[PDB]
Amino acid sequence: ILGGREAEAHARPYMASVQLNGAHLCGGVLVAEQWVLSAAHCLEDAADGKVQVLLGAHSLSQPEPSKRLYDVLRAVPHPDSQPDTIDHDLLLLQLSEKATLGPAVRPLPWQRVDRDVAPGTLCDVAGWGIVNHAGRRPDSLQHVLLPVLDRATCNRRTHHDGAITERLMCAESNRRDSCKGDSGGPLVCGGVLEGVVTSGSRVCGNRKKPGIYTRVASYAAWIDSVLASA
């Protein structure tokens, strides 16, 4: 997260760190006791390593009593998650066991009604992604409040010409933005999961290149279809 602030410890208990052999790869969001929603492109770096999900974390490295590591039993990328195509970048991860919920580990309800979030709505994006353009990694969870941008402006020639479909949403990226290591994390509007971070053009903090987020409401039937196969 660029231009954000350290989150209050365990105030975003739905946050998941998606890890490969214990290294933070992407964010994730707990959506059920045994399911984590993230971004399909995250498993490009995976190949043949233990994909795990860290729950109850504020810090990635500091010993916290609420920290729990789960193995992934199943990785369900969206069928059309063709690499480098910004569309359909959703991934469902089934945990090895049902997570015990508490003040530091709690799922986030997601929007099911297929309705666009009103532009200008303030939404919270959180992650352990880089905090500057050089690639400095924070140890503690960071967050930022970003207003939602209307789809047309985000689609626009200056922004991302022709590529922003009905299944995507955008948020302002002027100085404050999601960045490398934040994909798969949540865009939360009024406590409701509305989007999942994606990398888009991969430029961070540029006003002309808005942050792109997979519109979770567009995938309601797909999410429901996977969450029943458990």
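The term rigid core refers to the most C-alpha atoms you can superpose between the two forms while keeping them within 1.5 Å. Just count from 1 along the sequence shown to find any residue number.
J.: After fitting on the rigid core, pick out whichever of 77-85 or 119-127 shows the bigger RMS C-alpha deviation in 7 other deposited structures of this protein.
T.: After superposing on the rigid core, the more displaced stretch in 7 other deposited structures of this protein is 77-85.
J.: Report the stretch with the higher mean CA temperature factor, choosing between 115-123 and 139-147 on the basis of the entry.
T.: Higher mean C-alpha B-factor in the PDB entry: 115-123.
J.: Between 17-25 and 207-215, name whichever shows the higher mean Cα B factor according to the PDB entry.
T.: Averaged over C-alpha atoms, the B-factors run higher in 17-25.
J.: By the CA temperature factor listed in this entry, which of these ranks top: 163, 53, 30, 171?
T.: Result of the comparison over 163, 53, 30, 171: 163.
J.: When you compare the CA B-factors of 182, 44, 194, 177 as listed in the entry, which one comes out on top?
T.: Highest C-alpha B-factor among the listed options: 44.
J.: Test of reading the entry: by CA B factor among the chain's modelled residues, which third contains residue 83?
T.: For residue 83, the deposited C-alpha B-factor lands in the highest third.
J.: Going by the recorded CA B-factors, say which third of the chain residue 130 sits in, lowest, middle or highest.
T.: Ranked within chain, residue 130 CA B lands in the lowest tercile.
J.: What third of its chain's C-alpha B-factors does residue 60 belong to: lowest, middle or highest?
T.: Tercile = middle for this residue's CA B-factor.
J.: Should residue 104 be placed in the lowest, middle or highest third of its chain by the C-alpha B factor in the entry?
T.: It belongs to the lowest third of the chain when residues are ordered by C-alpha B-factor.
J.: Is residue 1 in the lowest, middle or highest third of its chain when residues are ranked by C-alpha B-factor?
T.: Lowest third - that is where residue 1 ends up once the chain's C-alpha B-factors are sorted.
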